[PDB]
Amino acid sequence: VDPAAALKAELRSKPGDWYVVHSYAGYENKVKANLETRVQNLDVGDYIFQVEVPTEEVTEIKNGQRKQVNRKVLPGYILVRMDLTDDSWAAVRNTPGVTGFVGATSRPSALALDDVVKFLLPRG
Amino acid sequence: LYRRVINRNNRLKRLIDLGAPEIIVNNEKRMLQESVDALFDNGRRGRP
Amino acid sequence: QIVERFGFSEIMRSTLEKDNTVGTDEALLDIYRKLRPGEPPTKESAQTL
Amino acid sequence: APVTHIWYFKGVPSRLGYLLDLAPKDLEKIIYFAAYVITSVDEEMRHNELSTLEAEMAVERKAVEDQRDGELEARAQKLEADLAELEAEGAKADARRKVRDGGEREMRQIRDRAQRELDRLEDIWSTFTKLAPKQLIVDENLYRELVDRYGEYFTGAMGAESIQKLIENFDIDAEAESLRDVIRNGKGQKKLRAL
RNA sequence: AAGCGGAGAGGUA
DNA sequence: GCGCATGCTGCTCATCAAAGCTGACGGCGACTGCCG
DNA sequence: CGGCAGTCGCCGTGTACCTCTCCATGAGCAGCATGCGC
Ligand SMILES: Nc1ccn([C@@H]2O[C@H](COP(=O)(O)CP(=O)(O)OP(=O)(O)O)[C@@H](O)[C@H]2O)c(=O)n1
């Protein structure tokens, strides 16, 4: 059984849709924590469910010494699973450090499950 | 200004080579174009 | 109330005549949309801003 | 990736809009990734196959309307069942009148959804019929539908490379001759624009 | 055999 | 007396930041919605 | 369609000389140095 297929099925069963939000470099984890705290404070867990920042262990070469250092696969971008509602939309937009909903044209757009699978399976 | 241009170009090239979703690469391209515009004539469009 | 208090000038009459707003929440929403560009004009936000 | 020189797009007049005959707002939206642009279109294939396309769209419309009719008949049978269930008796007839009107409104919403789907299909078809180069499509759903169903016989893009392709397909001589002809006979503002 | 750019303030004819 | 752990401290690196700001004015042209 | 009037943006605004002060941060990531326990 292909583990990618298992992850794909698990995502298919999961509720909500995935959206990408632009952030600042070196603030991915901090913005993630801010999102968690703000959502919990306002009790909007019915909309915002999960937050993840993909990472990959790349062999950084310190003068020829290879160390598996965590590098962000997509610098400056965060992934959030939720349902796009006005309350949740405003809450996410107004989180300190969040630049905005990345999307084609002007309206935010939702990634396909294939892309999310490609960027979540363990590879580092 | 040259430093920003080259940094943005390298980031966009790395993102393209990795096969990221087209929307992210479009965002990177928009930022790269704005960077070059700022290099050639700063203040013409937007915030200097 | 505007006529009850501002009832001594004709320019006020002219301004009232071409108003077509006659509404508190309608005016709040209009101001919220005019001031803040690009956001859902919720009544709570309009009446708080 | 290609980029555009700032001098020839944001100057006054816009030297890049005077060449392609495009308003500066359209260039601003296209270049900075806010709208799609149809770079070229083929009319031979479209005009040699329009009959099949119209037939396919009519078939889809007929299928949608038949399904809506089936749903409406099911709703009518449910309403008749409710009428014969407890609405015949007077005591509960007033109470079941609310359910009868609820069924009628369910039928009305079924018709509304069928109408909305037919309207979407007809808008897609009409937009396909009138496709011309250098046309701006803002909403992404319409463009994605067009590229998916009728991706052949038409090509669009977004960004500065779209502008590059437009300039590639530009023919100087024809438009120069057209401008000179308009200069010869004609008066008003169009003369100023042509000059 | 070795360096010399920007910002602000106050003056003279 | 030696090993382990915890807190000042030197070194190092990033550009997408926005809340602050508010006392110039004439000439000339594109242009853009807006009325008719 | 046809005008149309306002509105917004960009351009320009004298010459030569003298003296003084100041010029990015914050937070992270090792690198020890000292105290405590066996
Ligand atoms: N901002 C400035 C101030 C002064 N100047 C120059 O300094 C002189 C001032 O003369 P002045 O007024 O001090 C006496 P003067 O002109 O000789 O008239 P009088 O003998 O009847 O008293 C002028 O000739 C100017 O060329 C300038 O170029 N720019």
# chains A, B, ... in the order shown; residues from 1 in each chain; ligands from 1
$ residues_near_ligand --ligand "ligand 1" --cutoff "10 Å" --atoms "only C-alpha atoms (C1' of nucleotides) and all ligand atoms" --output "PDB file with N, CA and C atoms (P, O5', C5', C4', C3', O3' and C1' of nucleotides), in the first residue's frame"
ATOM      1  P     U E  12      25.142  86.400   8.772  1.00  0.00           P
ATOM      2  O5'   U E  12      26.285  86.348   7.670  1.00  0.00           O
ATOM      3  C5'   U E  12      27.619  86.707   7.987  1.00  0.00           C
ATOM      4  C4'   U E  12      28.504  86.706   6.769  1.00  0.00           C
ATOM      5  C3'   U E  12      28.028  87.534   5.588  1.00  0.00           C
ATOM      6  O3'   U E  12      28.299  88.916   5.724  1.00  0.00           O
ATOM      7  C1'   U E  12      28.696  85.415   4.826  1.00  0.00           C
ATOM      8  P     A E  13      27.317  89.999   5.063  1.00  0.00           P
ATOM      9  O5'   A E  13      27.564  89.844   3.504  1.00  0.00           O
ATOM     10  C5'   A E  13      28.757  90.318   2.904  1.00  0.00           C
ATOM     11  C4'   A E  13      28.752  90.088   1.416  1.00  0.00           C
ATOM     12  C3'   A E  13      27.581  90.676   0.654  1.00  0.00           C
ATOM     13  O3'   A E  13      27.736  92.059   0.388  1.00  0.00           O
ATOM     14  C1'   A E  13      27.966  88.456  -0.060  1.00  0.00           C
TER      15        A E  13
ATOM     16  P    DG G  14      15.531  77.842  -7.844  1.00  0.00           P
ATOM     17  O5'  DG G  14      16.517  79.027  -8.250  1.00  0.00           O
ATOM     18  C5'  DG G  14      16.945  79.172  -9.588  1.00  0.00           C
ATOM     19  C4'  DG G  14      18.197  80.030  -9.669  1.00  0.00           C
ATOM     20  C3'  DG G  14      19.390  79.510  -8.898  1.00  0.00           C
ATOM     21  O3'  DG G  14      20.078  78.544  -9.657  1.00  0.00           O
ATOM     22  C1'  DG G  14      19.146  81.842  -8.549  1.00  0.00           C
ATOM     23  P    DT G  15      21.266  77.699  -8.995  1.00  0.00           P
ATOM     24  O5'  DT G  15      22.418  78.775  -8.742  1.00  0.00           O
ATOM     25  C5'  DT G  15      23.192  79.251  -9.827  1.00  0.00           C
ATOM     26  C4'  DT G  15      24.314  80.161  -9.356  1.00  0.00           C
ATOM     27  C3'  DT G  15      25.286  79.553  -8.368  1.00  0.00           C
ATOM     28  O3'  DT G  15      26.249  78.759  -9.049  1.00  0.00           O
ATOM     29  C1'  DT G  15      24.728  81.765  -7.718  1.00  0.00           C
ATOM     30  P    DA G  16      27.021  77.577  -8.283  1.00  0.00           P
ATOM     31  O5'  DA G  16      28.039  78.329  -7.313  1.00  0.00           O
ATOM     32  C5'  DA G  16      29.295  78.763  -7.795  1.00  0.00           C
ATOM     33  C4'  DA G  16      30.007  79.622  -6.762  1.00  0.00           C
ATOM     34  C3'  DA G  16      30.378  78.922  -5.476  1.00  0.00           C
ATOM     35  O3'  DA G  16      31.561  78.174  -5.634  1.00  0.00           O
ATOM     36  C1'  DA G  16      29.455  81.028  -4.981  1.00  0.00           C
TER      37       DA G  16
END
$ interface_residues --of "chain F" --to "chain D" --cutoff "12 Å" --atoms "only C-alpha atoms (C1' of nucleotides)" --output "PDB file with N, CA and C atoms (P, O5', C5', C4', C3', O3' and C1' of nucleotides), in the first residue's frame"
ATOM      1  P    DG F  29      -1.261  71.170 -22.964  1.00  0.00           P
ATOM      2  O5'  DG F  29      -1.608  69.621 -22.821  1.00  0.00           O
ATOM      3  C5'  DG F  29      -0.577  68.706 -22.505  1.00  0.00           C
ATOM      4  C4'  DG F  29      -1.131  67.494 -21.787  1.00  0.00           C
ATOM      5  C3'  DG F  29      -2.305  66.808 -22.491  1.00  0.00           C
ATOM      6  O3'  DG F  29      -2.039  65.418 -22.609  1.00  0.00           O
ATOM      7  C1'  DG F  29      -2.801  67.180 -20.216  1.00  0.00           C
ATOM      8  P    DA F  30      -2.719  64.549 -23.777  1.00  0.00           P
ATOM      9  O5'  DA F  30      -3.195  63.224 -23.021  1.00  0.00           O
ATOM     10  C5'  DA F  30      -2.263  62.500 -22.232  1.00  0.00           C
ATOM     11  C4'  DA F  30      -2.941  61.824 -21.055  1.00  0.00           C
ATOM     12  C3'  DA F  30      -4.056  60.854 -21.418  1.00  0.00           C
ATOM     13  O3'  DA F  30      -3.999  59.744 -20.541  1.00  0.00           O
ATOM     14  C1'  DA F  30      -4.901  62.489 -19.964  1.00  0.00           C
ATOM     15  P    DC F  31      -4.650  58.337 -20.955  1.00  0.00           P
ATOM     16  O5'  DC F  31      -5.464  57.916 -19.646  1.00  0.00           O
ATOM     17  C5'  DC F  31      -5.620  58.853 -18.587  1.00  0.00           C
ATOM     18  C4'  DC F  31      -7.042  58.838 -18.066  1.00  0.00           C
ATOM     19  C3'  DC F  31      -8.026  58.031 -18.916  1.00  0.00           C
ATOM     20  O3'  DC F  31      -8.918  57.335 -18.068  1.00  0.00           O
ATOM     21  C1'  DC F  31      -8.850  60.177 -18.613  1.00  0.00           C
ATOM     22  P    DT F  32      -8.461  55.980 -17.337  1.00  0.00           P
ATOM     23  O5'  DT F  32      -9.399  55.916 -16.042  1.00  0.00           O
ATOM     24  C5'  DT F  32      -9.584  57.080 -15.241  1.00  0.00           C
ATOM     25  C4'  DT F  32     -11.055  57.440 -15.152  1.00  0.00           C
ATOM     26  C3'  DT F  32     -12.009  56.369 -15.689  1.00  0.00           C
ATOM     27  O3'  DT F  32     -12.892  55.947 -14.662  1.00  0.00           O
ATOM     28  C1'  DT F  32     -12.610  58.538 -16.455  1.00  0.00           C
TER      29       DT F  32
END
$ closest_residue --among "A:111, A:90, A:11, A:98" --to "chain C" --atoms "only C-alpha atoms"
A:90
$ residues_around --residues "residue 32 (chain B)" --least-positions-apart "2" --cutoff "10 Å" --atoms "only C-alpha atoms (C1' of nucleotides)" --output "ChimeraX atom specification"
/B:4-9,11-12,26-30,34-38 /D:1-3
$ write_last_selection --atoms "N, CA, C and O atoms" --output "short mmCIF file (atom, residue, chain, number, x, y, z; two decimals), in the first residue's frame"
data_model
loop_
_atom_site.label_atom_id
_atom_site.label_comp_id
_atom_site.auth_asym_id
_atom_site.auth_seq_id
_atom_site.Cartn_x
_atom_site.Cartn_y
_atom_site.Cartn_z
N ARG B 4 18.55 42.96 -3.40
CA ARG B 4 17.17 42.50 -3.33
C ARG B 4 16.77 41.80 -4.62
O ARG B 4 16.11 40.75 -4.58
N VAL B 5 17.16 42.35 -5.77
CA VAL B 5 16.79 41.74 -7.04
C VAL B 5 17.37 40.33 -7.15
O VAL B 5 16.67 39.38 -7.51
N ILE B 6 18.66 40.17 -6.83
CA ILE B 6 19.29 38.85 -6.98
C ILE B 6 18.73 37.86 -5.97
O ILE B 6 18.53 36.68 -6.28
N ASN B 7 18.48 38.31 -4.74
CA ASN B 7 17.89 37.42 -3.75
C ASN B 7 16.51 36.93 -4.20
O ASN B 7 16.21 35.73 -4.12
N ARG B 8 15.67 37.84 -4.68
CA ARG B 8 14.34 37.44 -5.13
C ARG B 8 14.42 36.50 -6.32
O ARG B 8 13.66 35.53 -6.40
N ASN B 9 15.33 36.77 -7.26
CA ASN B 9 15.47 35.89 -8.41
C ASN B 9 15.88 34.49 -7.98
O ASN B 9 15.34 33.50 -8.47
N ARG B 11 15.39 33.03 -5.04
CA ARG B 11 14.27 32.37 -4.37
C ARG B 11 13.24 31.87 -5.36
O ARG B 11 12.76 30.73 -5.25
N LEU B 12 12.89 32.69 -6.35
CA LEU B 12 11.91 32.28 -7.35
C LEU B 12 12.41 31.09 -8.16
O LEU B 12 11.65 30.17 -8.46
N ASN B 26 3.40 32.35 -9.01
CA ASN B 26 2.86 33.62 -9.49
C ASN B 26 3.10 34.73 -8.48
O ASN B 26 3.46 35.86 -8.85
N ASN B 27 2.91 34.44 -7.19
CA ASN B 27 3.19 35.45 -6.17
C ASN B 27 4.66 35.86 -6.19
O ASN B 27 5.00 37.05 -6.11
N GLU B 28 5.55 34.87 -6.32
CA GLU B 28 6.98 35.17 -6.39
C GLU B 28 7.31 36.03 -7.61
O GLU B 28 8.12 36.96 -7.53
N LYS B 29 6.69 35.73 -8.76
CA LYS B 29 6.93 36.52 -9.96
C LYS B 29 6.46 37.95 -9.79
O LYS B 29 7.13 38.89 -10.22
N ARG B 30 5.30 38.14 -9.16
CA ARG B 30 4.82 39.50 -8.91
C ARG B 30 5.82 40.27 -8.06
O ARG B 30 6.15 41.43 -8.35
N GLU B 34 8.01 43.68 -9.07
CA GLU B 34 8.00 44.90 -8.26
C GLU B 34 9.41 45.28 -7.84
O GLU B 34 9.76 46.47 -7.80
N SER B 35 10.24 44.29 -7.52
CA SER B 35 11.62 44.59 -7.13
C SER B 35 12.40 45.23 -8.27
O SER B 35 13.13 46.21 -8.06
N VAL B 36 12.26 44.70 -9.48
CA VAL B 36 12.97 45.30 -10.61
C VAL B 36 12.46 46.71 -10.89
O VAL B 36 13.24 47.62 -11.19
N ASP B 37 11.14 46.91 -10.80
CA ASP B 37 10.59 48.25 -10.98
C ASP B 37 11.16 49.22 -9.97
O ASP B 37 11.48 50.37 -10.30
N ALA B 38 11.30 48.79 -8.71
CA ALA B 38 11.91 49.64 -7.70
C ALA B 38 13.36 49.94 -8.01
O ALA B 38 13.84 51.04 -7.74
N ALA D 1 12.15 34.86 -14.93
CA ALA D 1 10.91 35.16 -15.62
C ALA D 1 11.00 36.53 -16.26
O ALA D 1 11.75 37.39 -15.78
N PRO D 2 10.28 36.76 -17.35
CA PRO D 2 10.31 38.08 -17.99
C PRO D 2 9.69 39.14 -17.10
O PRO D 2 8.81 38.87 -16.28
N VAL D 3 10.16 40.38 -17.27
CA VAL D 3 9.62 41.54 -16.59
C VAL D 3 9.49 42.67 -17.60
O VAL D 3 10.01 42.59 -18.71
#
$ select_by_dssp --residues "chain C" --states "alpha helix (DSSP H)" --output "VMD selection string"
chain C and resid 2 to 5 10 to 17 24 to 35 43 to 48
$ residues_around --residues "residue 123 (chain A)" --least-positions-apart "4" --cutoff "12 Å" --atoms "only C-alpha atoms (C1' of nucleotides)" --output "list in words"
residues 4, 54, 55, 56, 57, 58, 68, 70, 71, 73, 117, 118 and 119 of chain A
